[PDB]
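below is the sequence, then the experimental coordinates.
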Amino acid sequence: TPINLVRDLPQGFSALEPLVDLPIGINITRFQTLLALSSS
Amino acid sequence: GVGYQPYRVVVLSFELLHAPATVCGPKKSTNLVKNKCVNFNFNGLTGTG
Ligand SMILES: *[C@@H]1O[C@H](CO)[C@@H](O)[C@H](O)[C@H]1NC(C)=O
């Protein structure tokens, strides 16, 4: 969904289409994201 | 002689109740017809029309 404001979530409506569909079958109770990105 | 030669044996062992079914045999298909009352079956969606 392209937008016009880099600030907080905008006002509008847009539905999400299905993308991937998998028969994993597995047991889930916790999820984590991945980030690709010294301290001074 | 027979009974002494080497033999290639393969075991087709399968299990259940481990994951949703994802291995199924080939499913045949027939030709498509139009303008005639027929019994159709689209991906298991059975019906007459
Ligand atoms: C996790 O899903 C599994 C099957 O893979 C099920 O046996 C189990 O009840 C779930 N885990 C817990 C702690 O209940």
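Yes, it's here. Numbers count the residues shown, from 1 in each chain, chains lettered A, B, ... in the order given.

alpha carbons only for contacts and neighbour counts from here, please
Fine.

show me what residue of chain A gets nearest to chain B.
Of all residues in chain A, the one sitting closest to chain B is residue A:25 (5.0 Å; C-alpha to the nearest C-alpha).

and the residue lying closest to that residue once chain neighbours are set aside, what does it touch?
The spatially closest residue to residue A:25, leaving aside those adjacent along the chain, is residue B:19, at 5.0 Å (C-alpha to C-alpha, 6 or more residues apart in numbering or on different chains). Neighbour list for residue B:19: A:23, A:24, A:25, A:26 [criterion: C-alpha atoms under 8 Å, 6 or more residues apart in numbering or on different chains].

show me which of these are buried.
By neighbour count, with 16 or more other C-alpha atoms under 10 Å in any protein chain shown, the contacts of residue B:19 hold no buried member.

got TSV for those residues, with distance to residue B:14 and secondary structure too?
Output for the contacts of residue B:19, formatted as TSV (distance: C-alpha to C-alpha, whole Å; DSSP: H, G, I helix; E, B strand; the rest coil):
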residue	distance to residue B:14	secondary structure
A:23	18	coil
A:24	18	coil
A:25	17	coil
A:26	19	coil
